[PDB]
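Letters A, B, ... are given to chains in the order of the sequence lines, protein chains preceding strands, and every chain is numbered from 1. Just the heavy atoms: all of them, side chains too, but no hydrogens, waters or symmetry mates, feed the values below.
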Amino acid sequence: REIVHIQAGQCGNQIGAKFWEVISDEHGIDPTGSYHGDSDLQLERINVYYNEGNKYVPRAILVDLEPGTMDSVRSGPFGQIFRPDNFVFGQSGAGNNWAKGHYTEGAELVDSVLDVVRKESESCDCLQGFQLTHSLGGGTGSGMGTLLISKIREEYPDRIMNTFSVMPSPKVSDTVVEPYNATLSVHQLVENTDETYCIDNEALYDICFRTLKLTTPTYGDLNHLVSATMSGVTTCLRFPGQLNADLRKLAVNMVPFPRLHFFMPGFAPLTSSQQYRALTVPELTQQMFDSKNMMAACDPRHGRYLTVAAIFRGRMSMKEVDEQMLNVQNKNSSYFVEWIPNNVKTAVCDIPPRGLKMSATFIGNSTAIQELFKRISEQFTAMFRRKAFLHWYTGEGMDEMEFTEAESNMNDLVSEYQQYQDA
Amino acid sequence: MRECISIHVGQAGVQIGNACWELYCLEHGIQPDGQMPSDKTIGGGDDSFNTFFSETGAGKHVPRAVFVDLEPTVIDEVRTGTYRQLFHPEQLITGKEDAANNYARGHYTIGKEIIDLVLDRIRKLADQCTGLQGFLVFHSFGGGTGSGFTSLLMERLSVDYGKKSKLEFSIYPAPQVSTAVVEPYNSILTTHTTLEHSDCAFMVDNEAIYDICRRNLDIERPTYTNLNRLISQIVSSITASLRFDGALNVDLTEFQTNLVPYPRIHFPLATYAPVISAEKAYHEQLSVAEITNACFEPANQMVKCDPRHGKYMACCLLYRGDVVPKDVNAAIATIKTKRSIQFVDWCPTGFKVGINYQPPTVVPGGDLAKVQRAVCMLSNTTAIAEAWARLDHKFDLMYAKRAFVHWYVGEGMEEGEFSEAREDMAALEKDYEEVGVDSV
Amino acid sequence: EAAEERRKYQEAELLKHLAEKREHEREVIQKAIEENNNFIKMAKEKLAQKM
Ligand SMILES: COc1cc([C@@H]2c3cc4c(cc3[C@H](Sc3nnc[nH]3)[C@@H]3COC(=O)[C@H]23)OCO4)cc(OC)c1OC
Ligand SMILES: COc1cc([C@@H]2c3cc4c(cc3[C@H](Sc3nnc[nH]3)[C@@H]3COC(=O)[C@H]23)OCO4)cc(OC)c1OC
Ligand SMILES: Nc1nc2c(ncn2[C@@H]2O[C@H](COP(=O)(O)OP(=O)(O)OP(=O)(O)O)[C@@H](O)[C@H]2O)c(=O)[nH]1
Ligand SMILES: Nc1nc2c(ncn2[C@@H]2O[C@H](COP(=O)(O)OP(=O)(O)O)[C@@H](O)[C@H]2O)c(=O)[nH]1
Ligand SMILES: [Ca+2]
Ligand SMILES: [Mg+2]
Ligand SMILES: [Mg+2]
Ligand code: NA
Ligand code: NA
């Protein structure tokens, strides 16, 4: 059950390349693709993310409308490891413009990408689906990425589409048009993904500044958090054990209504590393569920958990994990819905990430995520009521009507999440 | 890839072009013969400085530039000057008869004789580009060639290059530095005609630059050379992101996304610091906080106006030299508690920051001190319409009597073009009012 | 077979929706082309008329 990974745009390829550095290490794959690890859990499900002279190649497609960031990946630590024909890029760039990524610049390049997708999918014994990394605030990841998702769905309508989508924030902003690009993209995701991990740059910044006490956070700091999250959230897909998860079971079990498939991840311990005191299982469980540990700037106490999946990594007391997990629900039963029984599930994996003797990762489908879409909707509306900056988009062929419909669809989404916060 | 072609029109544009290309060469280590010893790829390459310089197989680094004037004597000084060997003779284009301070002659009578040649030379430069990004057009508002020929050229560039981006550096007239009486007419005519053809225009008020030279450099009567060296430092700050790269570098096109909220509202206000004499720079190091603070002081604006009396729709800080984001963020935190920085209610209030690490240079033997860090702020403020109001008022004074209008009618123009241009300016001024009004 | 046919009906609706997306994509880019060309043509004609 192979996954095809696609990373698109600047953010997409930066957090993408970090994801491959991190899990390649966890599976014992060195920058040159040769396996030099010491355990066999490492190779048992390696084919979920790697193709196979007994070298392993990420099943990864690297996409961007300008060659810069992908020159950086090819020069980076693990750059040698990607299949050279899987780099697919243009020269023009997307100017932080959804319309250029989705309708003009990106349209020119998307068929080349689908040829590489198709070739990877053919060498698949049984394709699970796709995992895309991208931001929603730019032009290539946002506009071209959602165009890819649509073209992929049309060619593989019975496969799962999974995204790690970085949501923009004024606290870590490149351009004023980010709310426009993000609102246009959310609309695409509501319709064409089965699971979207909301990685909120506002939450990552807050975590870097308050908890990690980094007063001048870089994208490198933010990406350290995203890397740790992507590893933990994919653990049960890549490692054998008790529960061997996959993308379709993820969606069946976490998504009670097809549009509410936007998840808040959480991670513990949060680190910038520098500490050798390993945490007790009680502490992992306490921090992981603390708001200060979630990668979407939403207050879970403002909403309710529909479904939760937790994974603990390292060597530790299974009996103590179950006890603490059951403790958190039985102590805050108000924040779990009554009409989905037994909606919190817990897994364990013996293999900890790097630099940590034990960790915990949390996948949550919480109605509090509506706060993130409200925030974006407010920022969108502040400009759109004056039609500010719209000429960047109408110059590419778009009409205002399309913005109005995207605003409407996202407000509907917020409404639907509130409907089940009061059920 | 990402080449920019510069076009220098009339005396102002050409002389500022002299200053800019001299400064670029010093910043990049290019000698007056065009050799660049640090550049190990002979005859080509994709380095950041190749956006502005092409390369010959003989190792010469050639400005992607055309110099055009309808009289020869200013370009002749380029042809015979220190950097004569930089340019191919075909990049320097001259007529024999200038436009006599008359937009009509620059746009029509004289300009129409040379426009096809100018466009053919520009096409020759464009053909050497693998990914042309756009044009940078340098010119005065007030001269006959700077106003009238530039508008003709811009109209033709839109036809020949579609919506390919065109940026202007436009010299706004000030009585202090010499100036024809009809310069308000030429200014309104060219502003009206170029408005739809330009994507972004950096106005430079000769009085602002004159004042900065007198006040900061202690020069009693600044020359054109004084003014143009200061102007080239601002131009260099603005183009530095195109010509250098670095981890904290932010491309001018990304700033432009923030700076232009509506097509016509495309006139950013530039402020630069620090401008200081050698005597004062010696034993004084201006910190990040110090120079940042200087951007918010009106005395350091490129255009005379009062931003305290308008609203912001964007604020961009372009740093060069020894500057780390930690010091920037602190300086901005301080500024935001001590200054009148009011944004329109429909736009975010963050400052967009870029840092170019290559430190600033100065022309040896000039008046500007060499500093370790500098900053150019680009803001979009409704206050810049004060500059249009001032020019529209001088226009109206003369136009109500039709003074000098016969010199334009004699060249084939109609009064209809005057009132249509003036009405366009009136609508521009009303545009700046409307965008500053709070949302319902 | 009736459940199989229901799956087939739903896939066909889906591909028909995506087909409508592709034609909208086509309309957007041909709209941009049309407006750039009309800008160029307008500018060319005004210039010719004024000269
Ligand atoms: C992608 O990683 C995970 C996925 C799930 C997930 C998953 C997610 C859920 C859930 C159930 C379940 C089920 S669990 C099961 N065990 N036997 C049959 N099904 C299934 C199984 O395979 C799955 O993929 C499902 O309830 C709410 O959220 C769970 C996880 O840990 C508990 C994993 O890490 C957090
Ligand atoms: C040939 O004699 C002169 C003419 C002018 C005269 C000239 C005469 C004027 C006038 C302006 C201007 C303009 S000034 C200008 N500077 N930049 C662009 N245009 C121009 C320039 O060249 C000119 O020849 C014009 O206003 C009132 O009277 C001026 C003179 O000295 C000031 C000379 O005095 C002998
Ligand atoms: N800053 C600056 N302003 C200049 C310079 N040269 C001329 N000006 C200004 O430009 C305006 C006059 O236009 P010019 O560029 O000299 O005229 P031109 O484009 O050559 O037009 P014609 O001679 O009439 O054909 C006046 O405001 C002058 O003060 C210069 O080198 N630097
Ligand atoms: N977390 C994170 N966010 C990023 C990174 N790079 C860019 N962003 C964000 O992504 C958005 C800009 O999109 P970007 O990927 O650069 O544009 P694109 O190349 O056109 O897809 C903004 O919201 C940025 O804050 C990164 O490396 N990490
Ligand atoms: Ca001193
Ligand atoms: Mg970017
Ligand atoms: Mg002249
Ligand atoms: Na193209
Ligand atoms: Na070279």
Quiz item: Should the pair C/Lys31-A/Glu396 be classified as a salt bridge under the 4.0 Å nitrogen-to-oxygen rule?
Solution: no
Quiz prompt | Ion pair C/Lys21/A/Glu154, N-O distance below 4.0 Å | solution = no
Practice problem: Could you check if a side-chain atom of A/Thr229 sits within less than 4.5 angstrom of a side-chain atom of A/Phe164, using non-hydrogen atoms only? | Solution: no
Exercise. Kindly determine whether A/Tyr197 and A/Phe262 satisfy ring pair (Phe, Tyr, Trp, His ring centres under 6.0 Å), including the steps that lead there.
Key: CA-CA 6 Å; A/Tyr197 295 106; A/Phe262 294 91; over 10 Å; no
Quiz item: Between A/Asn181 (side chain) and A/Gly138 (backbone), is there a donor-acceptor pair under 3.5 Å?
Solution: yes
Practice problem: Would you check if the side chain of A/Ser75 reaches a backbone N or O of A/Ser72 as a donor-acceptor pair within less than 3.5 Å? | Solution: no
Practice problem: Could you check if a side-chain atom of A/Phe82 sits within less than 4.5 angstrom of a side-chain atom of A/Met70, using non-hydrogen atoms only? | Solution: no
Quiz item: Is a side-chain donor or acceptor of A/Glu2 paired with a backbone partner of A/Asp125 at a separation under 3.5 angstrom?
Solution: yes
Practice problem: Examine A/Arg74 relative to A/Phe87 and say whether NZ or CZ is less than 6.0 Å from the centre of the six-membered ring and inside a 45° cone about the ring axis. | Solution: yes
Quiz item: So does A/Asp25 pair up with A/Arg354, basic N to acidic O under 4.0 Å?
Solution: yes
Quiz item: Is there side-chain contact between B/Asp127 and B/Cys129, with heavy atoms separated by less than 4.5 Å?
Solution: no
Self-check item: Pi-cation contact, B/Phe135 with B/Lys164 (under 6.0 Å, within 45°)
Solution: no
Quiz prompt | Stepwise salt bridge (charged side-chain N to carboxylate O under 4.0 Å, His left out) check, A/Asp85 with A/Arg83 | solution = CA-CA 6 Å; A/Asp85 303 308; A/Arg83 187 180 210 289; 2.7 Å; yes
Quiz item: Hey, is the main chain of A/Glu202 close enough, under 3.5 Å, to the side chain of A/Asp200 for a donor-acceptor pair?
Solution: yes
Quiz item: Salt bridge between B/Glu27 and B/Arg320, side-chain N to carboxylate O under 4.0 Å?
Solution: yes
Quiz prompt | Closest heavy-atom pair and its distance - A/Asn86, A/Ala60 | solution = ND2-O, 2.9 Å
Self-check item: Residues A/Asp206 and A/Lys171 bridged, charged N to O under 4.0 Å
Solution: yes
Quiz prompt | Carboxylate-amine/guanidinium contact A/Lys100 A/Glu108, below 4.0 Å | solution = no
